[PDB]
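Worksheet: the structure to be examined is printed underneath.
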């Protein structure tokens, strides 16, 4: 589950209403154009945090008409209402005005795909192609000049086909306000390719089909094949559904499908390859208003996310459902899942995913926001769960009592940790700590600390800085320092189980500490996961047993994709045992010295159902140091569930014993933890309301945590600890065949 964090840009007090927005294609720079109350135009550049980039401010006595970033360099072209064009170079801090050659409003502005050339077009129909140097200066006269005598509406370059010559990529299409489209060849000759019945609303090129897509203001779609010689042929012509008389925003998805925002409380879809149409609408169950209208639309191909901006100042989003093995592939509307809204100030007018970081920029009549995606923070320990609900809101469940609490924060939460006594939150600049005081949660402390991750044990807080972990009080006072070398790398994982802390680093090292004393003491010395297990690219997650005797680690691959291996390091033996889901093998390997030490393997588990699964989360029982659990996902035999939960008993005498395997509950989005007798899971807010029929007048806190008893504890949810320990020792000794110690444990 993900949340979107609203970095409003730090607009100058002299900057008027925003007018257009544009991302750099590769770097996290957003250009924003403003119109003052004096009708003067300006352009500024901003960082992903909404901070203004120094010295990037540009102004004129007249409005900004267009923006275009260079495909690779930190160079921005700006077009103006007078017919000025200006190129700003951020890297050199230089502005270059192009030769005054247009005499009217710059309606078109576009860099060539090579970035060697810039195209510019005006309201009178003058088109110019310019060659530019590495600084953004004009190399003499235009390469092409043409005069259509009519208002230029849109331009797109034709990318060369994937293959030695120095081709600048000068093939392009241009459209006119009369509804015509012209191709232009590598020699600069212009040829008409389309004639539409009205003004062109949007234009696209489908590379796989060599085909030009045209949409008009009367919502008429058309598709044309265009061979290289510029002699177009019509493939399709269709009148799309929707309300005429508004400027519809339009996006093309994956070279197969069209999406439109037309101001109708729905996005309209048209699959160009199927000839099939459908709609998506915002749902009041997610908090949208009835008849709330969408004005703009954009798609991120890397994430599979569609976004749209509303007249009430909300961003709606839909996620593309994966093509899972063993389901008939979802068709039309069923390919999409609606997400919870992001709320912003004023009517939204434009949105864009344009930078390679896959950040979303949002432009309202009032202001611009950058939306950064973050995972919802969550934690479980000591029968307490904490779950994030918004950038500044938590749901805290004390599962030993069944009570749930709503906990609003004066910060945008970047992480959470919970205990039987308290909850800690942090934003990467400050930490706040809240204490349970009866039936209410109250602030116990708040302090400045740039910690990426945090953990807690009793009154002690564990916090991270460059190459160190700092033990602190709830008021932030440093009690103790735990140190790392630059070669061991910075801490970026913390886990606490029983009286033990385990710590993991960027650079894939780890350490562990005994907490049972007035000061923390090193329990495991430093180890490198890359020395232990070759081919590991990093740490994806790290946890320890309640005895501190075993550390479990999820490795990551060098591309940060998840690995079918899980590693268990034995602190007393100084060794790793590795289980690989893709083979079912259990390894053992040693680090009693840094040499190429001896290794072993065994064939002790044979469940062929696991071969397609990959581990994604893991936990240890807070009381039983032998008991471990993992959540594993099928990498896209009975019926294949998408996710399996596996529980293991781990011992020095018998290695790894599979205790239970089961499919994750269909209402559960992830494994949150385990504490005997229960597994714990995160429930969706979309499903909590479907089963709870209740009386009017209670503000019901949604039960965002679900629990399942362990197999052998079904019907034993409350059984007595001393007798239960003797029965566990008995059953263990009986399964081992050691009936004498079994009989002794029962005495």
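If you go along the chain as it appears here, the first residue is 1 and each next one adds 1.
Even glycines carry a Cβ here, placed using N, Cα and C.
Between 281, 327, the residue that has phosphoserine written against it in Swiss-Prot is 327.
Helix, strand and coil content of the repeat 'WD 6' (233-272), in residues and according to DSSP, is 0 helix, 22 strand, 18 coil. Classification of residue 327 (phosphoserine) by DSSP places it in coil, neither helical nor stranded.
Each residue of the repeat 'WD 1' (4-48) gets a DSSP state, and the totals for helix, strand and coil are 0 helix, 24 strand, 21 coil.
Of all the Cβ atoms in the protein chains shown, 10 others lie within 10 Å of the Cβ of residue 327 (phosphoserine).
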